[PDB]
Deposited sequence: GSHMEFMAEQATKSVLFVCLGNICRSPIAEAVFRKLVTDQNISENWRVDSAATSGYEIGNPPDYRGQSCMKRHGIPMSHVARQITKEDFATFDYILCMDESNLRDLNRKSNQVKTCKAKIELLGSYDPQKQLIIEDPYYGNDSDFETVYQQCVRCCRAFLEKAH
């Protein structure tokens, strides 16, 4: 059609709390703006710990509260992910180091690997792991993902 593709992979250690939240925050954003067709959106785990697992039910509750339904099956990052993705946006410092290790074990890294939290207007660098936190901690994570994802959509680093 002469009437009128980009990719982002959100990453944390397990792929059950934070990255699934970001992913569904970003998908909604592109979906509301009619541009989901132009975006490839996904999330993944540096580790194998959670493979096959749905998102954390505490984080799923936070998302239901905010209208945003999460359907994601935990998977571990692959070599292809680095070759196929434009951005790989991770939560914490230990994610980023682990991603960098991974990035030197592949031929082609098309991906910019970075902190999701480096798009924050409120300047909160790290999105911290709520695995041992509570619903306040999950709500804080969600809010951070909205800010960072909105800015990142606005225009990418």
| note | The deposited sequence goes unmodelled at 1-2, 7-11
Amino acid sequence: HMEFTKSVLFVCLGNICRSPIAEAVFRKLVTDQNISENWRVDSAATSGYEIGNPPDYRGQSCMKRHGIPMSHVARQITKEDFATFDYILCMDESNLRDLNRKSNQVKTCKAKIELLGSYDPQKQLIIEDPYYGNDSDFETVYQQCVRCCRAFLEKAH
From here on, numbers count along this sequence of modelled residues.
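Definition used throughout: the rigid core is the maximal C-alpha set that superposes within 1.5 Å between two forms.
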| task | Name the stretch that deviates more in 7 other deposited structures of this protein: 69-77, or 83-91? Use RMS CA distance to the shown form, core superposed. | result | 69-77
| task | Would you mind comparing 27-35 and 41-49 for me and telling me which has the higher average C-alpha temperature factor in the entry? | result | 27-35
| task | Between 84-92 and 113-121, point out the one with the higher average CA B-factor as the PDB entry records it. | result | 113-121
| query | According to the PDB entry, is the CA B factor of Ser136 in the bottom, middle or top third of its chain, that is, lowest, middle or highest? | reply | highest
| request: Would you mind ranking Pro55 by its C-alpha B-factor against the rest of the chain and naming the third, lowest, middle or highest? | output: lowest
